[PDB]
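These protein sequence lines are chains B and A, in that order.
Taking PDB author numbering, the leading residue of the first sequence gets 4, the next gets one more, and so forth.
Just so you know, the second sequence maps onto residues 1 to 173, 176 to 293 in PDB author numbering.
These notes concern the structure reproduced below.
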Amino acid sequence: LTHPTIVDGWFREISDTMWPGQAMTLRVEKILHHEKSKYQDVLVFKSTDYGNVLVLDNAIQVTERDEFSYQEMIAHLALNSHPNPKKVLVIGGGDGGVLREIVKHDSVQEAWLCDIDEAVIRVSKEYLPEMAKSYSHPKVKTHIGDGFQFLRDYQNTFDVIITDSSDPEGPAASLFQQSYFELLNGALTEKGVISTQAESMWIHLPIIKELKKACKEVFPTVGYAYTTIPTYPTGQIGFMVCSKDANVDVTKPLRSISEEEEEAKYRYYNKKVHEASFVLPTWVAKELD
Amino acid sequence: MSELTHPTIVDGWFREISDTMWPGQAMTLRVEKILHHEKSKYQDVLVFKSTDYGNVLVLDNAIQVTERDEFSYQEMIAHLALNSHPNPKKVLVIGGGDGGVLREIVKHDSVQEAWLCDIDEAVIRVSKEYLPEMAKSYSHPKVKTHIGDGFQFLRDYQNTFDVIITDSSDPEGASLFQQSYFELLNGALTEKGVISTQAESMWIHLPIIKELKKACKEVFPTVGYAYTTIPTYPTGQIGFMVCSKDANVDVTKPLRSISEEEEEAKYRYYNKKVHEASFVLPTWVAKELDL
């Protein structure tokens, strides 16, 4: 097989808008799958050093080697900021990774996925088995469809909502951030928590500042956290973590487990990392104050 | 060929490649113009203007600094060490040819002398021309430079330095970070002396970090591993060993600090909270480094 992103045995992800003037490249052992779904270009290749790689519309989504950092941080930052999460939703979690993290929490009764593209779920089951094993968990429920319409049908339903979806970055996304957070707010229960993929503070601090402002218009409790991902450009990405409960501090874990069971359950997240992930470099902290 | 050319730059992009040290991945930077290329007695020296990260210094095909993001490394390697000493007056940097670490060192009032020892005059000369916001430190009155190999320098200055920072063009790397290198540093330090050394990224070289930590613990009673994020380095980060000869200091929490207002005036990455956070490691790393 061939793919435009793969030349002379190396995958390259480039974006003049997302990451101006820098790229990430990964050595390709073999292309495993390429299809055009009803929604997007779907590429899977086996990399030589990071396991299988899922690429959607030419942007890396996960590699098997380092996916756990993102999945764990976006999920457990939010779940451990709710006193007793019973119904949880991930929007855009087709690869199964966030669902895998959700069902680690015993209190959870239902782990919902809302994703638009069945093709992503199908290829993740075949090529990302350590992520998509979550689909065999009894608590997992999958809705195929538009996330925005699901949220209207399920007002005051979810204790935690996780948006596992690239932060749109144009002037259109900028103006509609607040509208999207208000949509999430309506689907949350009274102390509901959200975590949303944001941006890397090294390259898009102005977008993060905008996201923080939009979040504060909707939620009384707003924080920005980040995690490191060696295959993502700049090497990290951030998350907005917000709660409808004015009384919670999302920057210190409301709930935690013993260090022994953290070591059995998590490879990146723990109660100390939870706090450290909101500790930002001086120039970022000052700009977001 | 009237235009400058370099094997690391293909079709207008610099590629950060090493089949040995980060196999199968390469960060790349778009090049505006190649500015300088020479071969010194010791290494290949390349400078280019990137389109989005300013000027870039590359040594033996490995990126060293870009003007846009160099402050993360320089601040963290310097201030993690300096703020772990109660009153550092004489400081040494080994291999800090770009001048960035010196620039951070001289921000501390207590420092009276900031020595640099580098083998390669070429790096200093090129840095003064192409990295002005780093090499401005060379004109600071506290700064003294010695051109030469750091072993003979350290052997000649025992019980002399309160802090020694090792900033080589690669984390060794010429991986002379055996226990004997740390013993040599131990002797050049004063009785509560502190070292910081470039280590490895925990995403790709955790077994080397564990070995480095064991070797440091053979020499120093107080040893910690911290990291910082660098958007143009492989994996986007690198770690540091921070050690003290004083068993009664905790390097993982800042012994000394300045007010938050002064921090915002002087530092762009480091601060007293980041100091503590930089030793908080992801679970798989922390578990392995406590083993």
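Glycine is no exception: its CB is placed at the ideal position from the N, C-alpha and C atoms.
In the DSSP annotation of this structure, the continuous segment of the alpha helix (DSSP H) that includes residue 182/B starts and ends at 174 to 190. A contact between stretches requires three or more CB pairs, one per stretch, nearer than 8 angstroms, and the region 135 to 151 of chain B meets this requirement with the region 99 to 117 of chain B.
Not one beta carbon of chain A lies nearer than 8 angstroms to the beta carbon of residue 78/B. In terms of beta-carbon proximity, residue 50/A lines the interface with chain B, with at least one pair separated by less than 8 angstroms. Measuring C-alpha to C-alpha distances from residue 108/A to each of 52/A, 54/A, 91/A, 123/A identifies 91/A as the nearest. Between residue 89/B and residue 74/B, the C-beta gap is not smaller than 8 angstroms, which leaves the two residues out of contact. The Cβ of residue 238/A sits closer than 8 angstroms to at least one Cβ of chain B.
Between residue 273/A and chain B, the shortest Cβ-Cβ separation is below 8 angstroms. By the Cβ rule, the region 119 to 139 of chain A counts as touching the region 57 to 76 of chain A, because three or more pairs are nearer than 8 angstroms. With its beta carbon less than 8 angstroms from one in chain B, residue 53/A belongs to the interface. Residue 247/A is a Cβ neighbour of residue 194/A, given a cutoff of 8 angstroms.
For residue 282/A, the neighbours in chain B by C-beta distance under 7 angstroms run, in chain order, 275, 276, 279.
Listed in chain order, the non-local C-beta contacts of residue 115/A below 6 angstroms within the same chain comprise 92, 144, local neighbours out to five positions each way being set aside. Residue 192/A and residue 87/A have their C-alpha atoms roughly 11 angstroms apart. Taking 8 angstroms as the CB threshold, residue 206/A lines the interface with chain B. Shown here, residue 198/B sits in a strand according to DSSP, grouped into three states. Counting the other Cβ atoms within 10 Å of the Cβ of residue 293/A gives fewer than 16, which makes it exposed. When the Cα atoms are used, residue 22/A and residue 161/B turn out to be separated by approximately 42 angstroms. Under the Cβ criterion (8 angstroms, minimum of three pairs), the region 205 to 215 of chain B does not count as touching the region 56 to 64 of chain B.
Leaving aside the five residues that flank residue 283/A on each side, none in its chain has a CB nearer than 6 angstroms to its CB. Beyond the five residues adjoining it in sequence on each side, residue 12/A comes within less than 6 angstroms, by CB distance, of 31 in the same chain, given in chain order.
Counted as a single uninterrupted DSSP element, the alpha helix (DSSP H) harbouring residue 134/B occupies residues 132 to 135. Here residue 139/B carries a helix assignment [DSSP, helix/strand/coil].
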